[PDB]
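Student: There's a structure below that I have some questions on.
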Amino acid sequence: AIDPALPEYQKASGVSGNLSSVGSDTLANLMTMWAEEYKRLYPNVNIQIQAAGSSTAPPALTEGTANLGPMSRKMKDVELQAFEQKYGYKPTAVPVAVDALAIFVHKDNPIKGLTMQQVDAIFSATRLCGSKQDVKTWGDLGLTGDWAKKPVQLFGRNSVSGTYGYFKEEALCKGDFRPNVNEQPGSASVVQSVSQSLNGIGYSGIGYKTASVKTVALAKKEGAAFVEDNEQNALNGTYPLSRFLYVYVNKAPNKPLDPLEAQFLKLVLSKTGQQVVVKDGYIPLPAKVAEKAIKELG
Ligand SMILES: [Pt+2]
């Protein structure tokens with residue numbers, strides 16, 4: 001299930017204090033489960049997690065109120081720069097898992113695949129990926145019979161979601177979402193809304209999949225292959241919305257991390273940590289990714 005070359009976690013000494021995480025909802029369950037494990041190994045640690053969205057991580061790290069900043073996108077240059085203005089160096093992005101950001105439909109929706117131009121036409125007001133068609137009904141996407149006149153009901157994330165920002169950039173070619181997207185407070189609500197809407201569609205991290213929804217395979221263009229969300233396609237990038245999930249930390253350039261943060265990350269980047277990734281339905285890190293991160297952190 002996980003790369004057999006991932007390291008095993010070993011307990012270290014000198015670990016105590018209060019870890020606070022602020023950021024991604026994509027990573028909410030991962031952070032909770034990792035935290036639970038970390039607390040069991042080190043009962044002197046107290047953990048607090050807030051998971052309102054990736055855009056909340058940079059100011060918390062910059063202001064020093066968070067020790068860990070989970071994000072499902074990289075920081076923007078302007079976010080990196082705000083941190084740097086204060087500290088004199090950039091915050092460090094630790095990869096912790098892989099996502100195949102999913103387009104979810106109801107399990108009984110007969111649609112098999114969408115092109116990225118269709119995805120844009122569904123979700124955007126702007127159609128910058130090049131469709132000429134304002135998609136309003138499932139018939140506009142090729143469905144037939146009673147599906148042809150069914151409206152497409154849209155569900156998505158809010159302004160501070162990293163998933164929202166990544167989807168905007170990659171799936172909408174930097175355009176804007178349609179105003180009739182029903183914004184939800186987190187990924188579980190997106191998937192729940194699609195589960196309760198035969199005619200619904202939403203986007204969220206693959207880990208929030210449930211048996212009531214299915215993911216749609218995605219083609220880069222008409223006449224190109226529809227690529228499924230699976231570990232191989234996310235790890236070679238062929239799945240068009242593959243992304244790493246990150247935890248940002250404040251690592252000063254030639255100075256070790258406080259054990260409180262260091263050991264948490266070491267746990268995440270181990271077999272124990274990556275087993276949690278698999279259990280939550282995300283894609284675990286190749287061993288070489290974990291090794292690179294460990295080295296970058298000291
Ligand atoms: Pt869990």
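Residue numbers start at 1 in each chain; chains themselves are named A, B, ... in the order of the structure tokens; ligands are numbered from 1 in the order shown.
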Mind checking which residues fall within 10 Å of residue 25 in chain A, counting only C-alpha atoms, ignoring those fewer than 5 positions away in the same chain, and posting them as a list in words?
Tutor: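 What passes the distance filter is residues 30, 31, 50, 51, 52, 53, 54, 70, 71, 72, 161, 162, 163, 185, 186, 187, 188, 204 and 205 of chain A.
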Student: Hey, can you spit out that residue selection with C-alpha atoms as a compact mmCIF listing (two decimals), in the first residue's frame?
Tutor:
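Saved as out_38.txt:
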```
# COMPACT_ATOMS: atom_id res chain seq x y z
CA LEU A 30 -4.90 13.87 8.03
CA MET A 31 -3.78 16.52 10.53
CA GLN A 50 -7.98 24.91 12.86
CA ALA A 51 -8.91 23.94 9.33
CA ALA A 52 -10.81 26.79 7.67
CA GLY A 53 -8.76 26.77 4.48
CA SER A 54 -5.24 27.04 3.08
CA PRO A 70 -1.15 22.86 6.13
CA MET A 71 -1.95 23.98 2.60
CA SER A 72 -3.26 22.18 -0.48
CA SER A 161 -9.74 27.39 0.14
CA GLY A 162 -6.51 26.31 -1.53
CA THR A 163 -8.57 23.85 -3.56
CA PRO A 185 -17.70 25.52 4.13
CA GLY A 186 -15.47 22.50 3.51
CA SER A 187 -14.80 19.43 1.35
CA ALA A 188 -17.12 17.10 3.24
CA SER A 204 -12.69 18.40 -3.73
CA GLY A 205 -9.75 16.29 -2.62
```
Student: Name the residues, by chain letter and number, that sit within 10 Å of ligand 1 using only C-alpha atoms and all ligand atoms, and give them as a list in words.
Tutor: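 Residues lying within 10 Å of ligand 1: residues 28, 29, 30, 31, 32, 33, 34, 36, 276, 277, 279, 280 and 281 of chain A.
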Student: For residue 257 in chain A, which of A:294, A:102, A:154, A:111 is the closest residue, counting only C-alpha atoms?
Tutor: A:294
Student: Among range 74-184 of chain A, which ones does DSSP assign to alpha helix (DSSP H) (computed from the backbone)? Answer as a list in words.
Tutor: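 Going through range 74-184 of chain A, the alpha helix (DSSP H) residues come out as residues 77, 78, 79, 80, 81, 82, 83, 84, 85, 86, 87, 116, 117, 118, 119, 120, 121, 122, 123, 162, 163, 164, 165, 166, 167, 168, 169 and 170 of chain A.
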Student: Which distance in Å separates CA of residue 292 in chain A and CA of residue 66 in chain A, to one decimal?
Tutor: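 Taking CA of residue 292 in chain A as the start and CA of residue 66 in chain A as the end point, the length is 23.9 Å.
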Student: Among range 3-224 of chain A, which ones does DSSP place in strand (DSSP E), written as a VMD selection string?
Tutor: chain A and resid 17 to 22 45 to 50 69 to 71 92 to 100 102 to 106 113 to 115 153 to 156 182 to 183 200 to 204 213 to 215 217 to 219
Student: Have a look at A:298, A:214, A:26, A:16 and name the one nearest to residue 97 in chain A; count only C-alpha atoms.
Tutor: A:26
Student: Report the distance between CA of residue 119 in chain A and CA of residue 213 in chain A in Å, rounded to one decimal place.
Tutor: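 Atom-to-atom, CA of residue 119 in chain A to CA of residue 213 in chain A, that is 17.1 Å.
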Student: Tell me which of A:223, A:43, A:69, A:91 sits closest to residue 113 in chain A, counting only C-alpha atoms.
Tutor: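 Among the listed residues, A:223 lies closest to residue 113 in chain A.
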Student: Interatomic distance between CA of residue 129 in chain A and CA of residue 116 in chain A?
Tutor: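 Computing it gives 7.6 Å between the two atoms.
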Student: Pick out the closest residue to residue 35 in chain A from this set: A:256, A:110, A:284, A:273. Count only C-alpha atoms.
Tutor: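 That would be A:273, the residue with the smallest distance to residue 35 in chain A.
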Student: I need the residue nearest residue 112 in chain A from this list: A:142, A:95, A:130, A:156. Use only C-alpha atoms for the distance.
Tutor: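 Ranked by minimum distance to residue 112 in chain A, first place goes to A:142.
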Student: So that I can see what lies close to residue 202 in chain A, please list as a list in words the residues with an atom at most 8 Å from it, counting only C-alpha atoms and leaving out residues fewer than 4 positions away in the same chain.
Tutor: residues 103, 104, 105, 154, 155, 156, 190, 191 and 194 of chain A
Student: Out of A:7, A:182, A:24, A:38, which residue has the shortest atom-to-atom distance to residue 264 in chain A when counting only C-alpha atoms?
Tutor: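 Distance minimum relative to residue 264 in chain A lands on A:38.
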